[PDB]
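Visitor: Take this structure, written in structure tokens, and hold onto it; I'll ask about it next.
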Amino acid sequence: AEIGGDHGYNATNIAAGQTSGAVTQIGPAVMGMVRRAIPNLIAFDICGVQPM
Amino acid sequence: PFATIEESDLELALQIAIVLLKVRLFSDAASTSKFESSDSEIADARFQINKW
């Protein structure tokens with residue numbers, strides 16, 4: 001009676017939407033983007049700061 | 001049926017019979033008692049979805 005079915009928990013199918021029953025999904029959602037943090041700077045005042 | 005019909009092809013020979021009143025299309029409604037005896041094989045409807 002038209003089971004929902006699900007992806008085989010195989011990343012190849014889950015992104016494409018390949019399902020096991022009916023109603024193949026449009027695609028995955030978007031939970032956001034994460035990016036590597038910017039390293040901080042060490043203050044330059046330790047050495048002489050003479051603008052040339 | 002198919003006695004006076006000499007056509008070899010099964011499909012066409014069947015088609016000849018429909019016009020000549022030999023056979024009858026049975027697309028027809030069901031008698032009321034068919035869905036009440038608590039043993040009622042009720043036809044199912046299926047759907048599928050594919051993505052292009």
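Labels for the structure tokens follow display order: chains A, B, ..., residues from 1 in each chain, ligands from 1.
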Would you mind listing, for every residue of chain B within 12 Å of chain A, the two atoms forming the shortest contact and the distance between them in Å to one decimal, using only C-alpha atoms, sorted by chain and ascending residue number, as JSON lines?

Guide:
{"residue": "B:43", "atom": "CA", "partner": "A:1", "partner_atom": "CA", "distance": 11.0}
{"residue": "B:44", "atom": "CA", "partner": "A:1", "partner_atom": "CA", "distance": 7.6}
{"residue": "B:45", "atom": "CA", "partner": "A:1", "partner_atom": "CA", "distance": 8.0}
{"residue": "B:46", "atom": "CA", "partner": "A:2", "partner_atom": "CA", "distance": 6.4}
{"residue": "B:47", "atom": "CA", "partner": "A:2", "partner_atom": "CA", "distance": 7.1}
{"residue": "B:48", "atom": "CA", "partner": "A:22", "partner_atom": "CA", "distance": 5.3}
{"residue": "B:49", "atom": "CA", "partner": "A:23", "partner_atom": "CA", "distance": 4.6}
{"residue": "B:50", "atom": "CA", "partner": "A:24", "partner_atom": "CA", "distance": 6.1}
{"residue": "B:51", "atom": "CA", "partner": "A:24", "partner_atom": "CA", "distance": 6.7}
{"residue": "B:52", "atom": "CA", "partner": "A:26", "partner_atom": "CA", "distance": 9.9}

Visitor: Considering only alpha helix (DSSP H) as DSSP defines it on the backbone, what residues of chain A qualify? List them as a PDB file with N, CA and C atoms, in the first residue's frame.

Guide:
ATOM      1  N   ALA A  11      25.572   7.290   1.359  1.00  0.00           N
ATOM      2  CA  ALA A  11      25.706   8.708   1.042  1.00  0.00           C
ATOM      3  C   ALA A  11      25.514   9.019  -0.437  1.00  0.00           C
ATOM      4  N   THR A  12      25.859   8.073  -1.311  1.00  0.00           N
ATOM      5  CA  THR A  12      25.659   8.282  -2.741  1.00  0.00           C
ATOM      6  C   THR A  12      24.184   8.487  -3.060  1.00  0.00           C
ATOM      7  N   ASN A  13      23.317   7.656  -2.482  1.00  0.00           N
ATOM      8  CA  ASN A  13      21.893   7.760  -2.775  1.00  0.00           C
ATOM      9  C   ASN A  13      21.257   8.931  -2.043  1.00  0.00           C
ATOM     10  N   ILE A  14      21.694   9.193  -0.810  1.00  0.00           N
ATOM     11  CA  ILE A  14      20.996  10.147   0.046  1.00  0.00           C
ATOM     12  C   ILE A  14      21.036  11.548  -0.543  1.00  0.00           C
ATOM     13  N   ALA A  15      22.155  11.930  -1.153  1.00  0.00           N
ATOM     14  CA  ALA A  15      22.233  13.240  -1.785  1.00  0.00           C
ATOM     15  C   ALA A  15      21.408  13.287  -3.064  1.00  0.00           C
ATOM     16  N   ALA A  16      21.476  12.228  -3.870  1.00  0.00           N
ATOM     17  CA  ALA A  16      20.766  12.224  -5.144  1.00  0.00           C
ATOM     18  C   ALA A  16      19.261  12.106  -4.941  1.00  0.00           C
TER      19      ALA A  16
END

Visitor: For a test of reading the model, state the distance in Å between atom CA of residue 4 of chain A and atom CA of residue 31 of chain A, rounded to one decimal.

Guide: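 Computing it gives 23.4 Å between the two atoms.
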
Visitor: Excluding residue 30 of chain B and residues on its chain fewer than 6 positions from it, collect all residues at most 12 Å away from it, counting only C-alpha atoms, and give them as a list in words.

Guide: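 The neighbour list is residues 36, 40, 41, 42 and 43 of chain B.
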
Visitor: Got a sec: who's within 10 Å of segment 20-25 of chain B, counting only C-alpha atoms, leaving out chain neighbours fewer than 3 positions off, as an MDAnalysis selection string?

Guide: chainID B and resid 1:3 5 14:17 28

Visitor: Export, as a compact mmCIF listing (two decimals), in the first residue's frame, the selected residues with C-alpha atoms.

Guide:
# COMPACT_ATOMS: atom_id res chain seq x y z
CA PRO B 1 -16.42 -17.65 -29.89
CA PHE B 2 -13.57 -17.37 -32.41
CA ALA B 3 -15.30 -20.12 -34.41
CA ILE B 5 -13.24 -15.84 -36.82
CA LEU B 14 -10.25 -10.76 -30.39
CA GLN B 15 -11.00 -7.33 -31.86
CA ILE B 16 -13.21 -8.87 -34.55
CA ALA B 17 -15.28 -10.55 -31.84
CA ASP B 28 -18.67 -2.99 -15.25

Visitor: Between atom CA of residue 6 of chain B and atom CA of residue 18 of chain B, what distance in Å does the model show, to one decimal?

Guide: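 It comes out at 14.5 Å.
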
Visitor: To one decimal place, how far is atom CA of residue 10 of chain A from atom CA of residue 27 of chain A in Å?

Guide: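 Separation between atom CA of residue 10 of chain A and atom CA of residue 27 of chain A: 14.0 Å.
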